[PDB]
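*Asks:* This is the structure, below, for whatever I ask next.
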Amino acid sequence: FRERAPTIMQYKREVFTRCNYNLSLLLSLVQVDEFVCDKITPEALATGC
Amino acid sequence: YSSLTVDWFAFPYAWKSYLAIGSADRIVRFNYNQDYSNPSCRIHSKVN
Ligand SMILES: *[C@@H]1O[C@H](CO)[C@@H](O[C@@H]2O[C@H](CO)[C@@H](O)[C@H](O)[C@H]2NC(C)=O)[C@H](O)[C@H]1NC(C)=O
Ligand SMILES: CCCCC/C=C\C/C=C\CCCCCCCC(=O)O
């Protein structure tokens with residue numbers, strides 16, 4: 001959220017291991033237009049290992 | 001039917017994602033949580 005936005009041709013990817021997140025902080029920085037989710041929900045993204 | 005319950009309020013059309021099922025936002029969490037245990041239909045409309 002604080003760098004130059006990558007293009008779709010060369011998009012960025014980050015893999016997170018051995019860390020604790022806080023989804024309530026990330027949802028305040030954005031306004032969500034649409035979420036399309038398979039086998040999971042954002043409320044399930046909020047809690048789980 | 002045996003009953004017909006209607007819940008209505010004013011809400012911007014740009015925020016459909018905040019009322020979709022599975023949302024984790026503050027609007028579902030603190031303001032309006034839909035029942036989803038009876039046949040229900042939520043409609044978004046513009047009233048003149
Ligand atoms: C996860 O992020 C949220 C969002 O910043 C944190 O909530 C904040 O908590 C501080 C400390 O009490 C308050 O001063 C802010 O006003 C809160 N912001 C919001 C938007 O509620 C929350 O504390 C974080 N979770 C953890 C475990 O630290
Ligand atoms: C899961 C936290 C770790 C990943 C963070 C990376 C990007 C997060 C950016 C936005 C998070 C939104 C997740 C759910 C989207 C729909 C929110 C809702 O309307 O219900």
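Every number here is computed from the coordinates shown, using simple stated rules; none is lab data. Here the Cβ is made from the backbone with ideal geometry for all residues, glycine too, and neighbour counts use every protein chain on show.
*Asks:* Which residues, taken from region B:16-31, are under 17 Å from residue A:29 (Cβ atoms), in a helix (DSSP H, G or I) and either facing chain A (nearest Cβ under 7 Å) or within 11 Å of the chain's Cα centre (by Cα) (or both)?
*Replies:* B:17, B:18, B:27
*Asks:* Follow-up. Looking only at region A:7-49, how many residues end up being within 25 Å of residue B:14 (Cβ to Cβ) and not hydrophobic (A, V, I, L, M, F, W, C)?
*Replies:* Residues that pass the stated criteria total 9.
*Asks:* Enumerate the pairs (first residue in region A:11-28 and within 19 Å of residue A:42 (Cα to Cα) and within 12 Å of chain B (Cβ to nearest Cβ); second residue anywhere and near ligand 1 (Cβ under 8 Å from one of its atoms) and assigned to a loop (DSSP other than H, G, I, E, B)) with beta-carbon separation below 9 Å, excluding pairs fewer than 6 apart on the same chain, so at least 6 apart or on different chains.
*Replies:* none
*Asks:* Among the numbered conditions (1) assigned to a loop (DSSP other than H, G, I, E, B); (2) at the interface with chain B (Cβ under 8 Å from one of its Cβ atoms), tell me where residue A:44 comes up short.
*Replies:* That leaves (1) as the condition not met.
*Asks:* Would you be able to tell me the number of residues in region B:1-15 that are within 14 Å of another protein chain (Cβ to nearest Cβ) and surrounded by 10 or more Cβ atoms within 10 Å (Cβ to Cβ)?
*Replies:* Selection size over region B:1-15: 1.
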